[PDB]
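Student: One structure follows; several queries about it will come next.
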Amino acid sequence: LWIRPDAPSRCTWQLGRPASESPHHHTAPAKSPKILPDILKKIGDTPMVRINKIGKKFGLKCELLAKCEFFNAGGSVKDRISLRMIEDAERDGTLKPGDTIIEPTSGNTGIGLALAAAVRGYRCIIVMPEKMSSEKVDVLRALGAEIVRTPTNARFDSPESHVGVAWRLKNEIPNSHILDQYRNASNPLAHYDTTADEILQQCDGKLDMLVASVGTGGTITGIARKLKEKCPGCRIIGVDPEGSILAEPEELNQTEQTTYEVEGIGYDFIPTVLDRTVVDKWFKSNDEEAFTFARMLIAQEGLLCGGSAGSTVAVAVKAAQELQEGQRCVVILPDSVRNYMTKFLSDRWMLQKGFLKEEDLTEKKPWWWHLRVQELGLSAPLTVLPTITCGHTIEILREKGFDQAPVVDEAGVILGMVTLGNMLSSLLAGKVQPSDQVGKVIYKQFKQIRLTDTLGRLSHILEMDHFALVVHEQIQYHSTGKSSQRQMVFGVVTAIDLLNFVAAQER
Amino acid sequence: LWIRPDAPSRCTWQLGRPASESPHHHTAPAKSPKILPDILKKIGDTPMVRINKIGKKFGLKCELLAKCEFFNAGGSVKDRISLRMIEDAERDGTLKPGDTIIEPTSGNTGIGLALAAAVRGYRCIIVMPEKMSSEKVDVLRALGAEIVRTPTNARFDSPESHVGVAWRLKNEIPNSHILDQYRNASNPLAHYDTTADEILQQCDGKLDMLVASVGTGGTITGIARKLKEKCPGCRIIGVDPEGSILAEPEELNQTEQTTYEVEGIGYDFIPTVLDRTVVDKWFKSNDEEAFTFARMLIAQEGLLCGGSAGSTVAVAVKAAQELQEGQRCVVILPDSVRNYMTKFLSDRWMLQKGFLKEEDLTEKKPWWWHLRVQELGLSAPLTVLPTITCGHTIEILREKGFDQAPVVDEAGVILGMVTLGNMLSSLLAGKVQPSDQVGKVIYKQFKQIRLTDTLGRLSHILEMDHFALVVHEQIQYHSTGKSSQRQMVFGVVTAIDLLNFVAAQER
Amino acid sequence: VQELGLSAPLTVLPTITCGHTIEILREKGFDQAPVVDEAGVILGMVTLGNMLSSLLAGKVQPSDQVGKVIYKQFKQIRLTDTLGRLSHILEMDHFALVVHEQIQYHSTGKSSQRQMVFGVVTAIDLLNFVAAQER
Ligand code: HEM
Ligand code: HEM
């Protein structure tokens, strides 16, 4: 009954066969009109950007180009196959309006299918593994699609693998269809018809090597078939995270870990679509290099690309050592950074997973990084109760030369801070009467810091708040059964003060 | 010393003067090369996408078009002005390579300038209000630009306002510059040269209205001036959140709530560049309608646009009531959803801020939404210790006629679950010998639910973790001084079971 | 019976003193909790009002173990059971305990069994639920 995604390929295609033999309905690239009826037409025509600093930093003689595929409507390279599959299913008459579309996907195809369904009125149900980032979950909830999850490490053929769950859902809900991104020939055909033509028509029909990451296999197979038909000189390479078994020869695969952090690439089975015969070499990519290269891309070229692009460029910097001056290398950057905001893009998560060690984070920072906050000339002699009137603060502050003072209640609980200039400006604008209490103008937000913490911690705090209050806390005991506690402000500090201290010490 | 951003516009332009009199250097649009030398060339030529459902939902007779400006390199409509400002500063010789740029901005221009500096090699410092989302902070930190925050409720001319802290930092650090997105003539000129010529050329100049939220004021000034010079018949409509003083006549600004949730529009001072003589009408727009319309856009059209897009469509659905069939309207959607992933896109945050009300949420849900999970046929007759061997489980589950069983240690702490078919697949794959323990193949993650919760809570849980275990707690006491607690897995519920129950009840 | 408002958040050992139950039930808002041994065997029920009445009568002392006041006998029911079966059970005994049964295997040769209590129900609760549904 159930048809597996691991079935051997049944296509009769082989290199050199004339295009007339195709039983598939090829579509020539469509000319996007001046105004396009639906957002779905903004798929394709993506730009190719030459990398400038990664090439030199790692001894690349050749010109290195990146096919930025993450500027599509849904922000992924999985927006071509979704649209193409929907188009083919509608043209073949299988899909009627109002039907239910179930798709087992690693998120990226899910967003594309949900977008297409929302535009065209279909109901969409998405099944994706557990490890997918929560940003995809949020975007799918917003797009109105219904989500179902499956365990991280369930084997592909198990009753509760994402493919299996999708199958049983399709066999349970009435009038539903699984487009089956793994087996549907429209998947590789989408790239073979649109992506390959654009790649060859931008670089103008010549290129030495192509580097690509392999998930469902359409990305690489669809491009490679057209390239070998039209430009055989290209060396097709594939990337695959350490843990998945796509790569050949089997020796490359020998490792035990099965769960890897990079999302969207690598599988525990060989997809039906993937045509490994048109792949001339393979490399295995770990996670540390993938995330480091993603961060390096973001920070040195402005390409807001995800981790899979990091793996792609990390493999490219190795494979492309073979090339020489005048040669051209291409990388496919699948998806946008949007889906990884809480992941590697965040330093906290990187340290938590250990992909970046503390020495790597600290060794490059300026000289003053390890100085304690104690080294600053912090001082705040006076504090004002929140009930004091505006004019009282104006006179009391300008009489003593100060222009800002912490606000603390009699109990010692800090409420915020007040700046003389702000009160003066408000009075000039009439937003507060001189008799009005400071509670109306006090800044109610700030961050609390301690003496022992380094200036690096202070700088990482000031990126979130303006006023950092150096404070202290004292526990006051009575009998070991009756106790009390109190705290107090030392002196305000801001980016201005820290920068002035750095300038003074360094000069 | 300090030049205020509210200084009156010294420009001599008035509607009708020939452009040849302009003292500014105009740059005509041109076709970028087939491969972009660097990412920044992928700015402009963004698509105009027709709006289908939102227009009819409120009975708008006219055809409604949108200018999706969130496909720029930085994902915003503030990558045009950043590039233009950098280009003009370089052309006039003010900025030398290696100089430091400091810019007070509402994030979006911050991201654009940080990207430009990262690509072209400048040290960049961004000053932004404290209230802006941490998504922009993360994207900036990844790009390497330093960040400084300011209190949200500080008056524009106070010492610690962003436009003030920027000035103080500029006076402090040597060889530093402020491009001043507020005063600089490049800001409006960018849109006047690129955006307007794109708009009036895409739709062939036959448009009747335009809507564009107002921040710095360039967005509307630069487009309205060119539209009136080319096609004065088109009305120009601004927008502004309640609590800002940009709208005229003054009576529209009469409201008392200062802070507002929408990010990046509306200011407590009139920007020098904001040419209010070319704004034919004004509206206000609170936060509730802004976010509601943003969510409606995402769900019903697929335009992954941010809050300001909602604040603009909420006004366009009012103003466009005056048009009739045949006429055309244009809206300007500033930024992408990428900046608000944890904000309005999150239902929890919307409910917390009160923009969503439980009635509007539940009234859309199906009938079974409010039923208790207690109504399901949940059950869990057996369980196993983690030490049991794989073969023992394989035989015992088939003996008892089940397929999955909770795994709980003797102390009652639940470890996870395990399923028959997954063990069979593991045995076939050799990952476990029959003598091996189930600790290898257990699904080590799940979410805990209680009998009282409604099926809506269960459906929200199932979007994150596959297995929802219906646990129960009994606290066992001995003398009111010694206490003990334990829990057990009454039943296991998954999306499949929920759908089965729904179908059975419905049929 | 799975559709009733059954519940039983906490329970006590029979060895707990009468005063301890007296204080705990009012402390946490309950009036009757199951009495269960350390191994999980259900002995019976105890009620706050009955403890108070017996203390007033002088038949027990606050230091006395609740084992004296427990309602040592009852009948047992399961979720699948219909309300009709619950009514038939209540015709013979006051307390009907909704309980659970589980088997915790170790090697498919070695096995152990344990049980716990869902909640309590009486004619009062049954009639209250009937009225609440009828209205
Ligand atoms: C150019 C001449 C081609 C011929 C003669 C050919 C032949 C066929 C035929 C007859 C089938 C149907 C098999 C079935 O229904 O069981 C098929 C399916 C398929 N074709 Fe082609 N094809 C051609 C081009 C292509 C191209 C260009 C691609 C991709 C770039 C492609 C990928 C596929 C895939 C993935 C399937 C589905 C295999 C499966 O479902 O197991 N084919 N092909
Ligand atoms: C006939 C065409 C124009 C003329 C004669 C003209 C004239 C001028 C002059 C003389 C200045 C310098 C003012 C000063 O230094 O104080 C100026 C600045 C400026 N112009 Fe124009 N301009 C023209 C077109 C435009 C256009 C097309 C735009 C925008 C789309 C524009 C917006 C501005 C702005 C924002 C400033 C800066 C004002 C300030 O910073 O205070 N002008 N213009």
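In the structure tokens, the first chain shown is A, the next is B, and so on; residue numbers restart at 1 for each chain, and ligands run from 1 in the order shown.
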For range 35-52 of chain A, list every protein, DNA or RNA residue within 6 Å, evaluated using only C-alpha atoms, and leave out those in the same chain fewer than 2 positions away; present the list as a PyMOL selection string.

Tutor: (chain A and resi 33+64-68+72-73) or (chain B and resi 35-38+48-50)

Student: For range 122-124 of chain C, please output as a PyMOL selection string all residues within 8 Å (counting only C-alpha atoms; exclusion window: fewer than 6 positions along the same chain).

Tutor: chain C and resi 87+90+94-96

Student: Let me have all residues with an atom within 7 Å of ligand 2, counting only C-alpha atoms and all ligand atoms, laid out as a VMD selection string.

Tutor: chain B and resid 7 to 13 17 to 24 183 to 185 188 to 189 192 221 to 222 225 272 to 273

Student: Those residues you just picked out, can you put them in a file as an mmCIF file, in the first residue's frame with N, CA, C and O atoms?

Tutor:
data_model
loop_
_atom_site.group_PDB
_atom_site.id
_atom_site.type_symbol
_atom_site.label_atom_id
_atom_site.label_comp_id
_atom_site.auth_asym_id
_atom_site.auth_seq_id
_atom_site.Cartn_x
_atom_site.Cartn_y
_atom_site.Cartn_z
ATOM 1 N N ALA B 7 15.436 72.065 12.169
ATOM 2 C CA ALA B 7 15.665 73.335 11.503
ATOM 3 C C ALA B 7 14.811 73.417 10.240
ATOM 4 O O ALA B 7 14.674 72.421 9.521
ATOM 5 N N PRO B 8 14.220 74.573 9.939
ATOM 6 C CA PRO B 8 13.341 74.659 8.767
ATOM 7 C C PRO B 8 14.075 74.295 7.486
ATOM 8 O O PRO B 8 15.260 74.590 7.319
ATOM 9 N N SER B 9 13.352 73.647 6.576
ATOM 10 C CA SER B 9 13.918 73.231 5.298
ATOM 11 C C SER B 9 14.353 74.463 4.514
ATOM 12 O O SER B 9 13.525 75.307 4.161
ATOM 13 N N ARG B 10 15.648 74.563 4.234
ATOM 14 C CA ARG B 10 16.187 75.700 3.502
ATOM 15 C C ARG B 10 16.052 75.550 1.994
ATOM 16 O O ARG B 10 16.492 76.438 1.259
ATOM 17 N N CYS B 11 15.462 74.459 1.517
ATOM 18 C CA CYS B 11 15.357 74.241 0.084
ATOM 19 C C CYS B 11 14.489 75.317 -0.557
ATOM 20 O O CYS B 11 13.530 75.819 0.035
ATOM 21 N N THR B 12 14.843 75.670 -1.793
ATOM 22 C CA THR B 12 14.118 76.674 -2.560
ATOM 23 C C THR B 12 13.170 76.053 -3.576
ATOM 24 O O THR B 12 12.501 76.787 -4.313
ATOM 25 N N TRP B 13 13.091 74.727 -3.638
ATOM 26 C CA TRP B 13 12.239 74.083 -4.626
ATOM 27 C C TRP B 13 10.775 74.389 -4.345
ATOM 28 O O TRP B 13 10.328 74.382 -3.195
ATOM 29 N N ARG B 17 9.159 74.414 -10.690
ATOM 30 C CA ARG B 17 10.477 74.828 -11.142
ATOM 31 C C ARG B 17 11.102 73.731 -12.001
ATOM 32 O O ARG B 17 10.936 72.542 -11.706
ATOM 33 N N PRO B 18 11.817 74.084 -13.069
ATOM 34 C CA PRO B 18 12.503 73.054 -13.857
ATOM 35 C C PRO B 18 13.613 72.395 -13.052
ATOM 36 O O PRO B 18 14.343 73.054 -12.308
ATOM 37 N N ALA B 19 13.741 71.077 -13.219
ATOM 38 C CA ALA B 19 14.726 70.323 -12.454
ATOM 39 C C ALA B 19 16.153 70.755 -12.762
ATOM 40 O O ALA B 19 17.045 70.540 -11.934
ATOM 41 N N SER B 20 16.391 71.362 -13.927
ATOM 42 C CA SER B 20 17.740 71.783 -14.279
ATOM 43 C C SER B 20 18.313 72.775 -13.277
ATOM 44 O O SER B 20 19.538 72.904 -13.180
ATOM 45 N N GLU B 21 17.459 73.475 -12.532
ATOM 46 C CA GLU B 21 17.916 74.432 -11.534
ATOM 47 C C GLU B 21 18.408 73.765 -10.256
ATOM 48 O O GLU B 21 18.979 74.450 -9.401
ATOM 49 N N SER B 22 18.206 72.463 -10.106
ATOM 50 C CA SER B 22 18.561 71.794 -8.865
ATOM 51 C C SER B 22 20.070 71.855 -8.643
ATOM 52 O O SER B 22 20.840 71.529 -9.557
ATOM 53 N N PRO B 23 20.536 72.260 -7.457
ATOM 54 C CA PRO B 23 21.974 72.199 -7.172
ATOM 55 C C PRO B 23 22.463 70.821 -6.763
ATOM 56 O O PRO B 23 23.672 70.653 -6.554
ATOM 57 N N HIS B 24 21.575 69.841 -6.638
ATOM 58 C CA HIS B 24 21.960 68.491 -6.260
ATOM 59 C C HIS B 24 22.312 67.667 -7.490
ATOM 60 O O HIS B 24 21.829 67.925 -8.596
ATOM 61 N N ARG B 183 18.315 65.334 8.233
ATOM 62 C CA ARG B 183 18.580 66.571 7.510
ATOM 63 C C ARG B 183 19.119 66.355 6.106
ATOM 64 O O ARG B 183 18.810 67.145 5.210
ATOM 65 N N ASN B 184 19.916 65.312 5.896
ATOM 66 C CA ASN B 184 20.661 65.177 4.654
ATOM 67 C C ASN B 184 19.723 65.224 3.459
ATOM 68 O O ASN B 184 18.626 64.664 3.492
ATOM 69 N N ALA B 185 20.155 65.915 2.402
ATOM 70 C CA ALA B 185 19.341 66.007 1.198
ATOM 71 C C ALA B 185 19.394 64.731 0.373
ATOM 72 O O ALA B 185 18.589 64.570 -0.550
ATOM 73 N N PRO B 188 15.741 62.169 0.930
ATOM 74 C CA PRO B 188 14.610 62.262 -0.005
ATOM 75 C C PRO B 188 15.016 62.059 -1.447
ATOM 76 O O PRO B 188 14.231 61.520 -2.238
ATOM 77 N N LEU B 189 16.224 62.490 -1.812
ATOM 78 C CA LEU B 189 16.652 62.408 -3.201
ATOM 79 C C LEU B 189 16.719 60.964 -3.670
ATOM 80 O O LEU B 189 16.459 60.674 -4.842
ATOM 81 N N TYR B 192 13.254 60.151 -4.646
ATOM 82 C CA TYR B 192 12.867 60.995 -5.772
ATOM 83 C C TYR B 192 13.503 60.518 -7.071
ATOM 84 O O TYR B 192 12.916 60.667 -8.148
ATOM 85 N N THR B 221 8.009 62.501 0.909
ATOM 86 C CA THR B 221 8.430 63.711 0.210
ATOM 87 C C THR B 221 9.027 63.380 -1.149
ATOM 88 O O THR B 221 8.616 63.931 -2.180
ATOM 89 N N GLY B 222 10.006 62.473 -1.171
ATOM 90 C CA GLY B 222 10.715 62.194 -2.405
ATOM 91 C C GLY B 222 9.827 61.608 -3.480
ATOM 92 O O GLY B 222 10.118 61.745 -4.671
ATOM 93 N N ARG B 225 6.882 64.650 -4.508
ATOM 94 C CA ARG B 225 7.396 65.722 -5.351
ATOM 95 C C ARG B 225 7.473 65.279 -6.806
ATOM 96 O O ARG B 225 6.984 65.972 -7.707
ATOM 97 N N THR B 272 13.488 67.930 9.470
ATOM 98 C CA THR B 272 13.762 69.036 8.559
ATOM 99 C C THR B 272 13.422 68.672 7.121
ATOM 100 O O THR B 272 13.038 69.538 6.327
ATOM 101 N N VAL B 273 13.561 67.396 6.764
ATOM 102 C CA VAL B 273 13.369 66.999 5.374
ATOM 103 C C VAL B 273 11.893 66.803 5.057
ATOM 104 O O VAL B 273 11.497 66.826 3.886
#

Student: For range 451-455 of chain B, work out the shell of residues within 8 Å, counting only C-alpha atoms and skipping chain neighbours fewer than 5 positions away, then give it as a PyMOL selection string.

Tutor: chain B and resi 368-374+470-472

Student: List as number ranges by chain the protein and nucleic acid residues near range 97-104 of chain B, meaning an atom at most 9 Å away when only C-alpha atoms are counted, but skip any in the same chain fewer than 4 places from it.

Tutor: B: 90, 109-110, 113, 117, 120-129, 162-167, 169-170, 173-182

Student: Store the residues picked out above in a file with N, CA, C and O atoms, as a short mmCIF file (atom, residue, chain, number, x, y, z; two decimals), in the first residue's frame.

Tutor:
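And here's again.cif as it stands now:
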data_model
loop_
_atom_site.label_atom_id
_atom_site.label_comp_id
_atom_site.auth_asym_id
_atom_site.auth_seq_id
_atom_site.Cartn_x
_atom_site.Cartn_y
_atom_site.Cartn_z
N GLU B 90 30.86 59.86 -0.18
CA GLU B 90 32.12 59.54 -0.84
C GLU B 90 32.38 60.48 -2.02
O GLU B 90 33.51 60.94 -2.21
N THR B 109 17.47 51.97 8.90
CA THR B 109 18.65 52.64 8.37
C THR B 109 19.90 52.16 9.07
O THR B 109 20.98 52.12 8.47
N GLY B 110 19.79 51.77 10.34
CA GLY B 110 20.92 51.18 11.02
C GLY B 110 21.40 49.92 10.34
O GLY B 110 22.60 49.74 10.11
N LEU B 113 23.01 50.82 6.88
CA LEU B 113 24.33 51.42 6.99
C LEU B 113 25.35 50.42 7.53
O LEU B 113 26.51 50.43 7.12
N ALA B 117 28.70 49.49 5.55
CA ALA B 117 30.01 49.59 6.17
C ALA B 117 30.74 48.25 6.15
O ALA B 117 31.94 48.19 5.85
N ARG B 120 31.92 47.70 2.51
CA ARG B 120 32.90 48.66 2.02
C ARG B 120 33.99 48.99 3.03
O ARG B 120 34.88 49.78 2.70
N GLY B 121 33.95 48.42 4.23
CA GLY B 121 35.02 48.61 5.18
C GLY B 121 35.00 49.93 5.93
O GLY B 121 35.91 50.74 5.78
N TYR B 122 33.95 50.16 6.72
CA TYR B 122 33.90 51.28 7.65
C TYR B 122 33.56 50.75 9.03
O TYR B 122 32.84 49.75 9.17
N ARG B 123 34.07 51.42 10.06
CA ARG B 123 33.56 51.19 11.41
C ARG B 123 32.25 51.93 11.58
O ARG B 123 32.15 53.12 11.27
N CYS B 124 31.23 51.23 12.06
CA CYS B 124 29.88 51.79 12.15
C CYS B 124 29.38 51.71 13.58
O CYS B 124 29.59 50.70 14.26
N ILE B 125 28.73 52.77 14.03
CA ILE B 125 28.09 52.83 15.34
C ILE B 125 26.65 53.25 15.12
O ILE B 125 26.38 54.22 14.41
N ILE B 126 25.72 52.52 15.74
CA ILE B 126 24.29 52.73 15.54
C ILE B 126 23.67 53.16 16.87
O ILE B 126 23.86 52.49 17.89
N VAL B 127 22.94 54.27 16.84
CA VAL B 127 22.22 54.77 17.99
C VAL B 127 20.73 54.65 17.69
O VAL B 127 20.25 55.23 16.71
N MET B 128 20.01 53.91 18.52
CA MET B 128 18.61 53.62 18.27
C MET B 128 17.85 53.69 19.58
O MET B 128 18.44 53.49 20.65
N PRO B 129 16.55 53.97 19.54
CA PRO B 129 15.76 53.96 20.78
C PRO B 129 15.75 52.58 21.41
O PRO B 129 15.87 51.56 20.73
N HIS B 162 18.49 59.98 21.04
CA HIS B 162 19.38 59.33 20.09
C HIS B 162 20.07 60.36 19.19
O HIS B 162 21.28 60.28 18.97
N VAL B 163 19.32 61.35 18.70
CA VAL B 163 19.95 62.40 17.90
C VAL B 163 20.88 63.26 18.74
O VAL B 163 21.63 64.07 18.18
N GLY B 164 20.84 63.14 20.06
CA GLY B 164 21.75 63.87 20.92
C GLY B 164 22.98 63.06 21.28
O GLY B 164 24.11 63.56 21.24
N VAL B 165 22.76 61.79 21.64
CA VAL B 165 23.88 60.91 21.93
C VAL B 165 24.75 60.74 20.69
O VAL B 165 25.98 60.66 20.79
N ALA B 166 24.13 60.69 19.51
CA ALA B 166 24.92 60.63 18.29
C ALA B 166 25.83 61.84 18.17
O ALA B 166 27.01 61.71 17.83
N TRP B 167 25.30 63.03 18.45
CA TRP B 167 26.11 64.24 18.35
C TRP B 167 27.26 64.21 19.35
O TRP B 167 28.40 64.57 19.02
N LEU B 169 28.74 61.59 20.74
CA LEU B 169 29.74 60.62 20.32
C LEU B 169 30.55 61.14 19.15
O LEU B 169 31.78 60.97 19.10
N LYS B 170 29.89 61.79 18.19
CA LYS B 170 30.63 62.35 17.06
C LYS B 170 31.64 63.38 17.51
O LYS B 170 32.78 63.39 17.04
N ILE B 173 34.64 61.02 19.50
CA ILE B 173 35.58 60.22 18.70
C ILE B 173 36.15 61.10 17.59
O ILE B 173 35.42 61.93 17.03
N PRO B 174 37.43 60.97 17.26
CA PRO B 174 37.98 61.72 16.12
C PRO B 174 37.59 61.08 14.80
O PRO B 174 37.07 59.96 14.75
N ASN B 175 37.85 61.81 13.72
CA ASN B 175 37.60 61.35 12.35
C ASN B 175 36.31 60.55 12.26
O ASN B 175 36.28 59.43 11.75
N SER B 176 35.22 61.14 12.75
CA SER B 176 33.90 60.52 12.73
C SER B 176 32.93 61.43 12.00
O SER B 176 33.15 62.65 11.92
N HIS B 177 31.87 60.85 11.46
CA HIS B 177 30.89 61.60 10.68
C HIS B 177 29.48 61.11 10.98
O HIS B 177 29.27 59.95 11.36
N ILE B 178 28.52 62.01 10.82
CA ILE B 178 27.10 61.69 10.86
C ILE B 178 26.50 62.06 9.51
O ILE B 178 26.58 63.22 9.09
N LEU B 179 25.90 61.08 8.84
CA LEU B 179 25.24 61.37 7.58
C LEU B 179 23.85 61.94 7.79
O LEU B 179 23.25 62.47 6.85
N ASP B 180 23.31 61.85 9.01
CA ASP B 180 22.12 62.59 9.40
C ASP B 180 20.94 62.28 8.49
O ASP B 180 20.50 63.13 7.71
N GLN B 181 20.43 61.05 8.57
CA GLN B 181 19.30 60.65 7.73
C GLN B 181 18.12 61.61 7.83
O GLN B 181 17.23 61.57 6.96
N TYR B 182 18.07 62.47 8.85
CA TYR B 182 16.98 63.43 8.99
C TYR B 182 17.17 64.67 8.12
O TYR B 182 16.28 65.01 7.34
#

Student: Please provide as a ChimeraX atom specification all residues within 12 Å of residue 121 in chain C, with the sequence filter that same-chain residues fewer than 6 positions apart are discarded (counting only C-alpha atoms).

Tutor: /C:1-8,32-34,45,74-78,83,86-87,89-90,93-99,127-129

Student: Once you count only C-alpha atoms, what closest atom pair and distance in Å to one decimal does each residue of chain C within 9 Å of chain B have, with rows by chain and rising residue number, as a Markdown table?

Tutor:
| residue | atom | partner | partner_atom | distance |
| --- | --- | --- | --- | --- |
| C:2 | CA | B:374 | CA | 6.9 |
| C:3 | CA | B:375 | CA | 6.8 |
| C:8 | CA | B:474 | CA | 7.2 |
| C:9 | CA | B:474 | CA | 5.2 |
| C:10 | CA | B:475 | CA | 4.5 |
| C:11 | CA | B:476 | CA | 5.0 |
| C:12 | CA | B:477 | CA | 4.6 |
| C:13 | CA | B:478 | CA | 5.5 |
| C:14 | CA | B:478 | CA | 8.1 |
| C:15 | CA | B:478 | CA | 6.7 |
| C:16 | CA | B:479 | CA | 5.0 |
| C:17 | CA | B:479 | CA | 6.6 |
| C:20 | CA | B:480 | CA | 5.7 |
| C:21 | CA | B:480 | CA | 7.6 |
| C:23 | CA | B:480 | CA | 8.3 |
| C:24 | CA | B:480 | CA | 6.8 |
| C:35 | CA | B:476 | CA | 8.9 |
| C:36 | CA | B:476 | CA | 8.1 |
| C:38 | CA | B:476 | CA | 8.4 |
| C:80 | CA | B:377 | CA | 8.6 |
| C:100 | CA | B:490 | CA | 7.7 |
| C:101 | CA | B:381 | CA | 6.5 |
| C:102 | CA | B:382 | CA | 5.1 |
| C:103 | CA | B:382 | CA | 4.7 |
| C:104 | CA | B:383 | CA | 4.8 |
| C:105 | CA | B:384 | CA | 4.9 |
| C:106 | CA | B:388 | CA | 5.3 |
| C:107 | CA | B:388 | CA | 5.4 |
| C:108 | CA | B:392 | CA | 5.9 |
| C:109 | CA | B:392 | CA | 8.9 |
| C:116 | CA | B:474 | CA | 8.2 |
| C:117 | CA | B:474 | CA | 8.1 |
| C:118 | CA | B:472 | CA | 8.2 |

Student: Go ahead and write the selection's residues with C-alpha atoms as a PDB file, in the first residue's frame.

Tutor:
ATOM      1  CA  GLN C   2     -14.649   9.848  32.410  1.00  0.00           C
ATOM      2  CA  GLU C   3     -16.854  12.903  31.784  1.00  0.00           C
ATOM      3  CA  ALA C   8      -7.791  13.961  43.754  1.00  0.00           C
ATOM      4  CA  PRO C   9      -4.626  16.110  43.889  1.00  0.00           C
ATOM      5  CA  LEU C  10      -3.233  14.720  47.169  1.00  0.00           C
ATOM      6  CA  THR C  11      -3.402  11.745  49.523  1.00  0.00           C
ATOM      7  CA  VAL C  12      -1.963  10.619  52.858  1.00  0.00           C
ATOM      8  CA  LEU C  13      -0.652   7.549  54.638  1.00  0.00           C
ATOM      9  CA  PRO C  14      -2.824   5.878  57.303  1.00  0.00           C
ATOM     10  CA  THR C  15      -0.095   6.613  59.868  1.00  0.00           C
ATOM     11  CA  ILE C  16      -0.574  10.386  59.612  1.00  0.00           C
ATOM     12  CA  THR C  17      -2.014  11.804  62.815  1.00  0.00           C
ATOM     13  CA  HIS C  20      -2.076  16.639  60.612  1.00  0.00           C
ATOM     14  CA  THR C  21      -4.920  15.758  58.237  1.00  0.00           C
ATOM     15  CA  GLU C  23      -4.690  21.032  59.332  1.00  0.00           C
ATOM     16  CA  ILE C  24      -3.665  19.973  55.817  1.00  0.00           C
ATOM     17  CA  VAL C  35      -5.469   7.272  52.390  1.00  0.00           C
ATOM     18  CA  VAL C  36      -2.818   5.124  50.695  1.00  0.00           C
ATOM     19  CA  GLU C  38       3.770   3.757  50.902  1.00  0.00           C
ATOM     20  CA  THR C  80     -14.479   3.294  30.509  1.00  0.00           C
ATOM     21  CA  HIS C 100      -5.642   3.444  37.272  1.00  0.00           C
ATOM     22  CA  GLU C 101      -3.722   0.227  36.622  1.00  0.00           C
ATOM     23  CA  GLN C 102      -0.241  -0.059  35.130  1.00  0.00           C
ATOM     24  CA  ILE C 103       2.400  -2.739  34.574  1.00  0.00           C
ATOM     25  CA  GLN C 104       6.091  -1.795  34.771  1.00  0.00           C
ATOM     26  CA  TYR C 105       8.025  -4.607  33.108  1.00  0.00           C
ATOM     27  CA  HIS C 106      11.783  -5.071  33.417  1.00  0.00           C
ATOM     28  CA  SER C 107      12.679  -8.081  31.256  1.00  0.00           C
ATOM     29  CA  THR C 108       9.260  -9.482  30.158  1.00  0.00           C
ATOM     30  CA  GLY C 109       9.933 -12.202  32.716  1.00  0.00           C
ATOM     31  CA  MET C 116      -3.205   5.217  41.653  1.00  0.00           C
ATOM     32  CA  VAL C 117      -6.405   7.204  42.138  1.00  0.00           C
ATOM     33  CA  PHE C 118      -8.006   9.479  39.560  1.00  0.00           C
TER      34      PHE C 118
END

Student: Measuring atom to atom with only C-alpha atoms and all ligand atoms, identify which of A:321, A:277, A:158, A:14 is nearest to ligand 1.

Tutor: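 Between A:321, A:277, A:158, A:14, the residue approaching ligand 1 most closely is A:14.
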
Student: Taking 4 positions as the minimum chain separation for residues in the same chain, which residues sit within 10 Å of residue 426 in chain A when counting only C-alpha atoms? Answer as a list in words.

Tutor: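 Listing them by chain and then by number gives residues 420, 421, 422, 430, 431, 432, 433, 434 and 441 of chain A; 154, 155, 157 and 158 of chain B.
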
Student: Can you pull out the residues contacting residue 264 in chain B? Cut-off 9 Å, using only C-alpha atoms, and skip same-chain residues under 2 positions away; I want them as a short mmCIF file (atom, residue, chain, number, x, y, z; two decimals) with C-alpha atoms, in the first residue's frame.

Tutor:
data_model
loop_
_atom_site.label_atom_id
_atom_site.label_comp_id
_atom_site.auth_asym_id
_atom_site.auth_seq_id
_atom_site.Cartn_x
_atom_site.Cartn_y
_atom_site.Cartn_z
CA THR B 105 18.39 55.71 13.30
CA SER B 106 15.31 53.62 13.95
CA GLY B 107 17.08 50.35 13.19
CA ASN B 108 16.23 49.96 9.51
CA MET B 132 13.15 48.59 19.19
CA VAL B 214 5.94 58.76 7.49
CA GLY B 215 9.10 58.35 9.54
CA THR B 216 12.02 60.60 8.64
CA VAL B 262 4.58 50.36 15.93
CA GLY B 266 6.09 59.07 13.89
CA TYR B 267 8.36 61.46 15.78
CA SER B 308 4.23 49.67 9.14
#
